[PDB]
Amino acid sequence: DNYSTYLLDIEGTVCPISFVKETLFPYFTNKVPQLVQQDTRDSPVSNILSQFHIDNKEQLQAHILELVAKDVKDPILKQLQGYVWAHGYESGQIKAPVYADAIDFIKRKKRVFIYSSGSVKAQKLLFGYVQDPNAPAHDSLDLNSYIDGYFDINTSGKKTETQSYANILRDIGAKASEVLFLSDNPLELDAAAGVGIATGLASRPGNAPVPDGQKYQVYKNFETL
């Protein structure tokens, strides 16, 4: 095809932007009280919880819920989230709603890398438990065997800085002209375009509107790519 490699944003690009707020955050916040109130010092979750450095369980419970409500990027929160979400996914309580055409795209393209604000471990977990478009309530699908790599803010830098894309090109080992980057955020695409990577503006139901006067090619789905 036109490109050797594809770089994909997650939220608003391959997954509905509604997933994190309608499903992941509420799932996690509903589980918090039980895990905090049950206090066995020797647990794998107990080691995570101790890294908040708050001994009072009422204060700890309130603090965790505050961090979620204020969208605070605390790595101890992300680990706690990872632990709760892993069990949610493994138990079948949650499934990642990847668009049917994004599933097909990932399965057919030869070189596919993910770049997201979520950590690499969280991305791998999301792509391991994908909702089956043919039967949402049946078993989830594993797309990890179709993904060649994952990038996050820690591995590569901020999504709006050109340098971050230079870091990804180094790790991908591809000429910038051979890479297409798909994202719903124009500021990400602008950063990518600074190092010569081709760009495409993903448009999905629930995303912020696309202004009439805008420079990027718009993709409503990935069937034509």
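Residue indices: 1-based, along the sequence shown.
Mean C-alpha temperature factor, higher of 8-16 and 207-215: Comparing 8-16 with 207-215, the higher mean C-alpha B-factor belongs to 207-215.
Which is higher on mean Cα B factor in this entry, 185-193 or 40-48? Higher of the two, by average CA B-factor, is 40-48.
Among the candidates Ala198, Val32, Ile54, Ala166, give the one with the maximum CA B-factor reported in the record. It is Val32.
Pull the Cα B-factor of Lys107 out of the PDB entry and bin it into the chain's lowest, middle or highest third. Ranked within chain, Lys107 CA B lands in the middle tercile.
Among the chain's modelled residues, which third holds the C-alpha B-factor of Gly128? As the PDB entry reports it, the C-alpha B-factor of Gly128 lands in the lowest third of its chain.
Place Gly82 in the lowest, middle or highest third of its chain's C-alpha B-factors, as listed in the PDB entry. Ranked within chain, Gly82 CA B lands in the middle tercile.
Would you please rank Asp71 by its C-alpha temperature factor against the other modelled residues of its chain and give the third it falls in: lowest, middle or highest? Its C-alpha B-factor, which the entry lists for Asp71, ranks in the highest third among residues of this chain.
CA B-factor placement of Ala100, once the chain's modelled residues are sorted into thirds: For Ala100, whose C-alpha B-factor we compare with every modelled residue in the chain, the answer is the lowest third.
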